[PDB]
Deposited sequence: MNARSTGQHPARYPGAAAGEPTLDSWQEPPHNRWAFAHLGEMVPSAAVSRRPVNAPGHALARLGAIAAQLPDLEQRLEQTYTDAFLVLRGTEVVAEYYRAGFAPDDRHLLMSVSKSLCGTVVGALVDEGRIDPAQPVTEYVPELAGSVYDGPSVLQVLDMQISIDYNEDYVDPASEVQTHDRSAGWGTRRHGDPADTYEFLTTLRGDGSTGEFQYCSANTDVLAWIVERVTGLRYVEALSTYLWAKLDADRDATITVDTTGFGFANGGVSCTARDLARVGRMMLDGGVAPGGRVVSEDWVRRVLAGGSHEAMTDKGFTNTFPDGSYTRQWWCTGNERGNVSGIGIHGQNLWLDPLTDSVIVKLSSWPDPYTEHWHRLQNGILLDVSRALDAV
């Protein structure tokens, strides 16, 4: 049993509607206005073939930048210097206002929502997860603090071999609706999280997507809002965004907080702008100045033992759902598989968004190419 969850609509029974009940009363009043949350759906365009390259300023210092973007399967790229868009690129077939999947850049948005609730005193990071989600008793999440979930410092038996359908990584996706369910799968993401185990040790970084979904569960328990709604109220609706974001949902309506947000490149940059503005956005303060300062400061370096990160960034770390390079520029980034970054360059007051579609989720070589672009662009923005 996974306990109480926010109803899909006011008055809804647990789990309702399902794919088999949404046409029935009382669900249909809600479902007829929200059917894409139940059934895959396509846009029918109101508007009736070529890459847009507006590299600006940086084009002089980086004359081969468009080629380097193509080589890293770039879909959308945008540089915000201060409040100004100073460079943009969109591949052929991807409009400037199209949305793109964020993959684990989504985690950095979830951490932001948690930080908002920490500022309000509704979450205390020193408390055990089970203070907020007692149904995680008996799992790997029984013992660790909320801060240890925020910093991903919990050892979890979570097989990352996605070729193997019995792996946790594939099971987590199927539980959330990203793949077709197999017999015996958990019914929804909450149930999947309660199956997770580990040896009980903490304090060493282990990147694991389940942690973010636990954070979103905590957000729901403390606010009584669907994660979809909390992500809007605590973050998205404060950005003065051009478009709504979207988030995939499982069969209970729970947003896939770790990986399923999509948004435009320009709107994602507004999240970075808020972080470089000390936590304030056009619609109000999102998170405290202290929370932003802790993100920029980094996590414990000794916890960071992922050589995929520290071979490039030897003084790197992770905190509060952000990767902290520890480099001489203090760069910090949200990162997601296949080449997604929300990269902060505080020295130049700039944000770089790069949304891509590498053929592979991760290789060392794609990361070397991608980080080389992000660092070159950051350096191109320095005063000279």
Problem set entry | Where the deposited sequence has no C-alpha coordinates (positions from 1, in order) | 1-4, 53-56
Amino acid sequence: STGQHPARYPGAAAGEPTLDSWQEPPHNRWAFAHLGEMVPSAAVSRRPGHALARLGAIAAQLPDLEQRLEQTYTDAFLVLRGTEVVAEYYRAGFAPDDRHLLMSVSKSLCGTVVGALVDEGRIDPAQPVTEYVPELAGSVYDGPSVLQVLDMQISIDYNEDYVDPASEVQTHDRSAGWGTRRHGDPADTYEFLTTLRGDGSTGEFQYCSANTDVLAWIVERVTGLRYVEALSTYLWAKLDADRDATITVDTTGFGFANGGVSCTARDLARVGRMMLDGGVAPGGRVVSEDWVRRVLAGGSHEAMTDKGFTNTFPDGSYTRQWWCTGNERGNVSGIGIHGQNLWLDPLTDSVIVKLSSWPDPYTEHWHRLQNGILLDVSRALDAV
From here on, numbers count along this sequence of modelled residues.
For this session: Determine, for stretches 71-79 and 243-251, which one has the higher mean CA B-factor as deposited.
Result: 71-79
For this session: Look up the CA B-factors in the entry and say which stretch, 335-343 or 62-70, has the higher mean.
Result: 62-70
Problem set entry | From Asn258, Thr112, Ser139, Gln148, residue of greatest CA B-factor | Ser139
Seminar exercise, completed: In this crystal structure's PDB entry, the residue among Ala87, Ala269, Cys208, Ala216 with the greatest CA B factor is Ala87
Seminar exercise, completed: Chain thirds by Cα B factor, record data; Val222 belongs to the middle
Exercise. In terms of the CA temperature factor given in the entry, to which third of its chain does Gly284 belong: lowest, middle or highest?
Worked result: highest
Exercise. Relative to the other modelled residues in the chain, which third contains the C-alpha temperature factor of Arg54: lowest, middle or highest?
Worked result: highest
For this session: Divide the modelled residues of the chain into thirds by Cα B-factor and specify which third, lowest, middle or highest, holds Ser300.
Result: lowest
Seminar exercise, completed: Chain thirds by Cα B factor, record data; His27 belongs to the middle
